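Taken in sequence, the protein lines are chains B and A.
Counted the way PDB author numbering counts, the first sequence spans residues 4 to 32, 38 to 391.
When we follow PDB author numbering, the leftmost residue of the second sequence carries the number 1, and every step to the right adds one.
Read the structure below first, then the notes.
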Amino acid sequence: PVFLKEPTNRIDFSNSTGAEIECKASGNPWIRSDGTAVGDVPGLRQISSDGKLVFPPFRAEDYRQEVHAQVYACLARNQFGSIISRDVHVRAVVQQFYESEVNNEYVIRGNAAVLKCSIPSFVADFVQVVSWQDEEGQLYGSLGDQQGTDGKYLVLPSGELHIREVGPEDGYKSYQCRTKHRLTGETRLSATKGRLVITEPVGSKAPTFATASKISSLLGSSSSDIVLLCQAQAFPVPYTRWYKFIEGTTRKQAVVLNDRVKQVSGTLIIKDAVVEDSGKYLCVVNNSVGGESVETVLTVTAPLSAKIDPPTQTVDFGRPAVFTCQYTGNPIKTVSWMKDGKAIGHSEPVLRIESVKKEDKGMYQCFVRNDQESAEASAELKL
Amino acid sequence: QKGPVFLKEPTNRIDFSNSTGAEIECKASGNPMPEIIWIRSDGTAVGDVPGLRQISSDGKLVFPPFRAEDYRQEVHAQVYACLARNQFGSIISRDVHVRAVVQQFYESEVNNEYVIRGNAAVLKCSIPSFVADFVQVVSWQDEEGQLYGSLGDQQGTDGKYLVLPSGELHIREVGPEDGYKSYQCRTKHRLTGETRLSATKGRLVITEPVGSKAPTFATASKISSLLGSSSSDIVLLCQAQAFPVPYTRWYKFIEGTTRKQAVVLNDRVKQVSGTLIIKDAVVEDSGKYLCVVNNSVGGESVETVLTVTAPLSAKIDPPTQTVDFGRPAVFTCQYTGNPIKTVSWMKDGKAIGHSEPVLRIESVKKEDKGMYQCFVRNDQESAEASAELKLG
Ligand SMILES: *[C@@H]1O[C@H](CO)[C@@H](O[C@@H]2O[C@H](CO)[C@@H](O[C@@H]3O[C@H](CO[C@H]4O[C@H](CO)[C@@H](O)[C@H](O)[C@@H]4O)[C@@H](O)[C@H](O)[C@@H]3O)[C@H](O)[C@H]2NC(C)=O)[C@H](O)[C@H]1NC(C)=O
Ligand SMILES: *[C@@H]1O[C@H](CO)[C@@H](O[C@@H]2O[C@H](CO)[C@@H](O[C@@H]3O[C@H](CO)[C@@H](O)[C@H](O)[C@@H]3O)[C@H](O)[C@H]2NC(C)=O)[C@H](O)[C@H]1NC(C)=O
Ligand SMILES: *[C@@H]1O[C@H](CO)[C@@H](O)[C@H](O)[C@H]1NC(C)=O
Ligand SMILES: *[C@@H]1O[C@H](CO)[C@@H](O)[C@H](O)[C@H]1NC(C)=O
Ligand code: NA
Ligand code: NA
């Protein structure tokens, strides 16, 4: 058995939408990671002889957590052996009323401002900022659609609206975000429009941060654009410098700015992020009164992908065989091996094959996994 | 006979309104009586600035009340220091942070909070960061004008409503009825003394749980840090929502390991819903805390790094010593407080390249006689101690 079509880790769908997922498996000829293959629940799903496992659209009192939120798997088997797919996490989510808000921001004139689209934490996984717009409907910008980093206004990849060098005119404007539910097509304007409240500098203020926390963390994807916020106010208007700690030490290096890594006012943007961009960053903000610093721990995740070589061999008893698991991704918390669908007793890319009997023949699988996703590779040993 | 020593050091921090002005004392003794010199942030000695800065014969530094137009950063926002010297030597006081604040209006706001039914909710009083260290929450007020948090200096933790020591309004076990209410916070400026209600009113927007939801925190950040002072009541928020309603357990990491111990709740250490309150904090309460939140569907965890400060203080052992030429002299800097970022040394007002608590002069020469000082500093604060070396 082998699949060139395998289900995705995350399956998310509405109560109205429903979903389909197919596992194709090939060879010359579902289950649960809870260990069992269970049949069909009436009207909450079905298996068809066409291999699709289908969750139909359902009224939400018919929501059952043990069906609708669970890990599923796909087992393909034949004469010679069997193999398991990667973990498939099904999440059904009932279409529900939600609102987003833009709260006011309070800034000292001359400083950069950051407007935020406030979204309920419990819908925040399926609801993302599309655009920001004026009182009269004119756009400050549309997220993710092309760019520029030098403008008065910038809609950050993370969805916040960034405003360079605030001035009285900026306080005459209202700011309203448009948001999109990614399970449905639904777009909605925020229930409220935010305003900038600008304080005229009188005396001098050392840099102050929006909160008292000196550390935060954030997660990011490879090939995407990651934003590190540094939110600081001061008069005279401070300058911001970003640094990155050498992994494993307490010392630092200036972040090198170029056409990839960009600084907008105080904010750092890492474009086309790579796993190597992970680390602890230090934002340092200074003016003639004083200075302050804040740390951000960045993790850049990479998709888990695994393939085994040598994939297909012929070995009799007394001789060697070998399988190395070749895998890419970030992070990697665990590495597990599985023989014909049965988890074995050692975790390592290097496994020990010495004296074979044909009890040891089947199809072999190498599993790579982290908190979010898993990746699987299937090999074969013929005798 | 004797080198200078401070009878009264100026305090670490002087914050004052332009309408108040301020006075700062520096009094040092000695035989002969010492001369007093004040110095500013850049190290230069300072005299009178008519209308703005004055020093009297007793060494007192005075800032008269002044008009906003007359504000000067090189005068009014500064780290000063008192220097006392006689023929025997010089000592420098601890840092004196002088900050004048020109009276200026500000707004506080209460934003809405979105919560799943049955979960706890936390309403925050949003105070702009640039006024934030002058402005404290006093009470909360609802739409009918009822006051929350205005009685006692400690609040009962077993009620529906709790105003937390850090100023937020905590509400247990929200239900749809709690959505018909709106609240304002009342803030007080600790210099001007003015109090005002927040310019906006917040309310709980309550979502009726339909399906199941794993725990989700208000922020995607898995780590934050917090400062608090010894003997105060420190609050560690864990703001997470789930359906079914989740359980929350607090842990503390074991210093120098991967592992963690459960937090012990007692009369001093309280848990209100998901929120941990450490009363009468001590330095030992410092560390990395973990909040873990679970329900049927899933679980999540978030870290909080807590530092419990204690005031810095120092003395040198011995306060005085007499040493023959050629012989070793030793000074030991004894200090307390928390945290301690740096220990540094001084001799007669000049900085020495010694970072360690014991300072040993292997063989003393004539020029070694004079005053010695160790300084202990962290980000917020400093302390100093002085000692005298005499020759045999
Ligand atoms: C410390 O700095 C403060 C600056 O904020 C000083 O307070 C200011 O004092 C000046 C006088 O030098 C006042 O200016 C006058 O204002 C009135 C109108 O007053 C009304 O309007 C203002 C707001 O516009 C309001 O603050 C007042 O309460 C009144 O409602 C004019 O008619 C005068 O011609 C003159 O311009 C400021 O009003 C006042 N500001 C504040 C915020 O109180 C304070 O005097 C300084 N302390 C000193 C010098 O010891
Ligand atoms: C499951 O998904 C459906 C969509 O297929 C959700 O639809 C909701 O349906 C209810 C009524 O069936 C709508 O409420 C209102 O009903 C009154 C009459 O009682 C009517 O006058 C209103 O115009 C409105 O139709 C509700 O607006 C609608 N919402 C959405 C987002 O579709 C349904 O809510 C989901 N299940 C649950 C338990 O919510
Ligand atoms: C900026 O402020 C930091 C404090 O966070 C300080 O360590 C640094 O030396 C300051 N830089 C300058 C140039 O003053
Ligand atoms: C609670 O959630 C944490 C977060 O990962 C998890 O490690 C732990 O196993 C969960 N506890 C239970 C009993 O499910
Ligand atoms: Na001191
Ligand atoms: Na002293």
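All C-beta atoms, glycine included, are put in the ideal place defined by N, C-alpha and C.
Determine, using beta carbons only, whether B:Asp133 and A:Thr207 come nearer to each other than 9 Å. The Cβ-Cβ distance between B:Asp133 and A:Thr207 does not fall below 9 Å.
Reducing DSSP to helix, strand and coil, say where A:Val115 ends up. Here A:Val115 sits in strand by DSSP.
Any chance you could list the alpha helix (DSSP H) runs of at least 4 consecutive residues sitting entirely within the region 59-102 of chain A, in chain order? 73-76, all fully within the region 59-102 of chain A.
Option in A:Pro176, A:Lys181 and A:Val163 with minimal Cα separation from A:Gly145: Looking at the Cα atoms, A:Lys181 is the closest of the given residues.
At which residue ranges does the region 272-349 of chain A contain complete beta strand (DSSP E) runs of 3 or more residues, listed in the order of the chain? Here the runs fully enclosed are 275-278, 287-294, 299-317, 320-323, 329-338 and 342-347.
From which residue to which residue does the beta strand (DSSP E) around B:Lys188 run? Where B:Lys188 is concerned, the enclosing beta strand (DSSP E) stretches over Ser182 to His189.
Own chain residues within Cβ distance below 6 Å of A:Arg40, not counting five before or after: Cβ neighbours of A:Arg40 within its own chain (closer than 6 Å, five residues either side excluded): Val46, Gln78 and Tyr80.
Buried or exposed by the 16-neighbour rule on C-beta atoms within 10 Å, applied to A:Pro311: Burial state of A:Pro311 is exposed, judged by a 10 Å Cβ sphere holding fewer than 16 other Cβ atoms.
For a contact defined as C-beta to C-beta under 9 Å, what are the partners of A:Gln104 on chain B? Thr207, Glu208, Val210 and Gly211, listed in chain order.
Would you say the region 48-65 of chain B touches the region 185-194 of chain A, given that touching needs at least three Cβ pairs under 8 Å? Taking 8 Å as the limit for Cβ pairs, the verdict is that the region 185-194 of chain A does not touch the region 48-65 of chain B.
Which of helix, strand or coil DSSP assigns to A:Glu177: A:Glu177: helix per DSSP, three-state reduction.
Starting from the Cα of A:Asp324, find the closest Cα among A:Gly287, A:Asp368, A:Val293 and A:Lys341 and give me that residue. Among A:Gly287, A:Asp368, A:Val293 and A:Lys341, the Cα nearest to that of A:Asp324 belongs to A:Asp368.
Can you confirm whether A:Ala100, when its beta carbon is compared against all beta carbons of chain B, has any partner nearer than 9 Å? Closer than 9 Å to some Cβ of chain B, the Cβ of A:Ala100 qualifies, so yes.
Whole-angstrom distance between A:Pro244 and A:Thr200, CA atom to CA atom: Going from the Cα of A:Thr200 to the Cα of A:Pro244 covers about 32 Å.
Is the region 146-157 of chain A touching the region 97-113 of chain A in the sense that three or more CB pairs, one from each, lie closer than 8 Å? These segments do not touch.
The beta strand (DSSP E) enclosing A:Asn31, as first and last residue numbers: Taken as a continuous stretch (DSSP letters only), the beta strand (DSSP E) holding A:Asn31 covers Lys27 to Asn31.
Pick from A:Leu389, A:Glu384 and A:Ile340 that is closest to A:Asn378, judged by C-alpha positions: Check the Cα spacing between A:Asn378 and each of A:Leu389, A:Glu384 and A:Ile340: the tightest is with A:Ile340.
Partners in chain A for B:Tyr71, counting only beta-carbon separations shorter than 8 Å: Neighbours of B:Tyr71 across chain A, judged by C-beta separation under 8 Å: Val210, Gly211 and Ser212.
If you measure from the CB of A:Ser29, is any heavy atom of ligand 6 nearer than 8 Å? Not a single heavy atom of ligand 6 lies less than 8 Å from the C-beta of A:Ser29.
Are the region 22-40 of chain A and the region 86-100 of chain A touching, with three or more C-beta to C-beta distances below 8 Å? Proximity of the region 22-40 of chain A to the region 86-100 of chain A meets the contact definition, three or more beta-carbon pairs being nearer than 8 Å.
Burial state of A:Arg85 (16 or more Cβ within 10 Å): Burial state of A:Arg85 is buried, judged by a 10 Å Cβ sphere holding 16 or more other Cβ atoms.
Considering only heavy atoms of ligand 1, does any lie closer than 8 Å to the CB of A:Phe134? Every heavy atom of ligand 1 is 8 Å or more from the Cβ of A:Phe134, so no.
According to the neighbour-count rule (16 or more other Cβ atoms, all chains shown, within 10 Å of its Cβ), is B:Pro176 buried or exposed? Within a 10 Å sphere around the beta-carbon of B:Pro176 sit fewer than 16 other beta-carbons, which makes this residue exposed.
Could you tell me which whole beta strand (DSSP E) segments of length 3 or greater appear in the region 346-384 of chain B? List check, beta strand (DSSP E) in window: 371-377.
Compile a chain-ordered list of the residues in the region 295-314 of chain A whose CB is closer than 8 Å to at least one CB of chain B. Answer set for the region 295-314 of chain A: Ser296, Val297 and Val305.
Take B:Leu236 and list the residues in its own chain whose beta-carbon comes closer than 8 Å to its own, dropping the five residues that flank it on each side. So the qualifying residues of the chain are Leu226, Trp250, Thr275, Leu276, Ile277, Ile278, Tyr289, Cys291, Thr304 and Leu306.
Mind listing which residues of the region 216-231 of chain A have their C-beta closer than 9 Å to chain B's C-betas, in chain order? Answer in chain order: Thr216, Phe217, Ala218, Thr219, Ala220, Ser221, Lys222, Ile223, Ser224, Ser225, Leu226 and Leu227.
How far does the beta strand (DSSP E) with A:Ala240 in it reach, from first residue to last? From DSSP, the beta strand (DSSP E) with A:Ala240 extends over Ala240 to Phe243.
Counting along the chain, where does the beta strand (DSSP E) carrying B:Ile206 start and finish? Per DSSP, B:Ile206 belongs to the beta strand (DSSP E) from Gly202 to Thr207.
What residues from chain A crowd round B:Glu109, counting only those whose CB sits closer than 7 Å? Neighbours of B:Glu109 in chain A, taken as residues at a C-beta separation under 7 Å, are given in chain order as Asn112.
Three Cβ pairs or more, each shorter than 8 Å: is that satisfied between the region 151-159 of chain B and the region 64-76 of chain B? Under the three-pair Cβ rule at 8 Å, the region 151-159 of chain B does not count as touching the region 64-76 of chain B.
Cutting at 7 Å between CB atoms, please list the residues of its own chain near B:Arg327, excluding the five before and the five after it. None.
Using only the heavy atoms of ligand 1, determine whether one of them is closer than 8 Å to the beta carbon of A:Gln54. Taking non-hydrogen atoms of ligand 1 into account, the C-beta of A:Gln54 is found less than 8 Å away from none of them.
Whose C-beta lies closer than 6 Å to the C-beta of A:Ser363 among residues of the same chain, with five residues either side of it excluded? Apart from the 5 residues on each side of it in sequence, A:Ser363 sits with its Cβ closer than 6 Å to the Cβ of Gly326 in its chain, given in chain order.
Can you give me, in chain order, the residues of the region 118-136 of chain B that have a beta carbon less than 9 Å from any beta carbon in chain A? Residues passing the 9 Å Cβ filter: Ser126, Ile127, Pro128, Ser129, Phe130, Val131, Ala132 and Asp133.
Report the rounded CA-to-CA distance for B:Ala351 versus A:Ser126, giving the unit in angstroms. Their backbone Cα atoms lie some 53 Å apart in a straight line.
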